[PDB]
Structures are given as structure tokens and as C-alpha cells.
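Here's a solo chain for you in C-alpha cells, the form deposited in one PDB entry.
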């Protein structure tokens, strides 16, 4: 993430907010703890909504942005990170088993989006996809984050499609200007 890049990304976020009806975030990876740090955001206008602050951190194993990044790493890499960092249980849905988490990451790669299903906070869902540089390194993720009351089970795939398309547009934007 750059600055004239940040400037192109921003209207992509605004349009995604409008299209999804939910708050949208972009985050970069903390290489120390593998938390995702929120560096930009466009909130929706719903009274009830996701409103984490800029510079706020989303958990490695338990957020959309966290798991989107984690999904890009190898089996061993993730085995080592889990061995180090542990799997704090935020909620009763948090994936605190390595086999369960690893399965979820495999599925994340297969479908093109991560899905936080009240793993970070009760009532909270997020869908996220990474943004890639010329080395296929994930250098950013976009997430759509909102209440289970609106991000309903029948909408998850549709929401996943929307975040895929958004993350794609930024990857292409970076490709074009770099």
C-alpha cells in the first residue's frame, strides 16, 4: 500500500460499501503477529454496523482480513505461526483447532474469499480477499464487515463475489501503475 494507490483504492471501497450496504475495510499485514491492521475504511450508514477504527487490528486466525492473509501461507508456515502465537478464543465460534483452521484456510483458497462467521465477535460477520503484488505476495486485504441480521446465510456467496471483485480491481490497479 502506497498513496496515489490509496487514492485509487478509495473509490473502490466507496462503491463496495454502496453495493454491499455494509462497512468496508482495507488492511495490511503486521509481520510480527500476523494481525491485519486497518489502514482505510468506508462505513455504511446503517444505525447498527461494524465500526472498528483505523489502525485497529483484526486477529490473525479469527477475522476475515486475518484469515485471508493466513490462507496464502504454506502448511508449514501456518503450523509454525500457530505454534508461536496460539489461537485465542474470542467467541465460541473461534477456530481454536489447527486442523479446523487449516481446513477453513483450504476452503478459503478454493472459494476465493475468507469468511469470519462470528469468530471475532458475536453477531459479526466478515468476508475478505487479498490483494497481490508482482511476486504474488498478499500486501493488502479488503473486508466487508457487518451484522448477521443483514449478512444472512443466503447472502454469503454473493457477498464473497463482491469482495473478490473489489480485491481484484485493486490488484489490477497496482499492476497497472507499478
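Note that the rigid core is defined as the largest set of C-alphas that superpose within 1.5 Å between two forms. Positions refer to the first chain, counted from 1.
> Quick check on the record: does 111 to 119 or 31 to 39 carry the larger mean Cα temperature factor?
Looking at the recorded C-alpha B-factors, 31 to 39 comes out higher on average.
> According to the deposited model, is the average Cα temperature factor higher in 79 to 87 or in 98 to 106?
In the deposited entry, the stretch with the higher C-alpha B-factor mean is 79 to 87.
> Name the residue from 156, 162, 17, 9 with the greatest C-alpha temperature factor listed in the entry.
In this record, 9 carries the highest C-alpha B-factor of the candidates.
> For the chain shown, is the CA B-factor of residue 67 in the lowest, middle or highest third of its modelled residues?
Its C-alpha B-factor belongs to the lowest third of this chain's values.
> Taking only the Cα B-factors deposited for this chain, tell me whether residue 59 sits in the lowest, middle or highest third.
Middle third.
> Split the chain's modelled residues into thirds by Cα B-factor; is residue 125 in the lowest, middle or highest one?
It falls in the bottom third of the chain.
> C-alpha B factor of residue 138, ranked within the chain: lowest, middle or highest third?
It falls in the middle third of the chain.
The form deposited in another entry exists for this protein as well; it is not shown, and the discussion that follows is about that form.
> Would you indicate which listed residue, out of 31, 51, 45, 152, moves its Cα by 2 Å or more between this form and the one not shown relative to the superposed core?
Residue with a C-alpha shift of 2 Å or more: 31.
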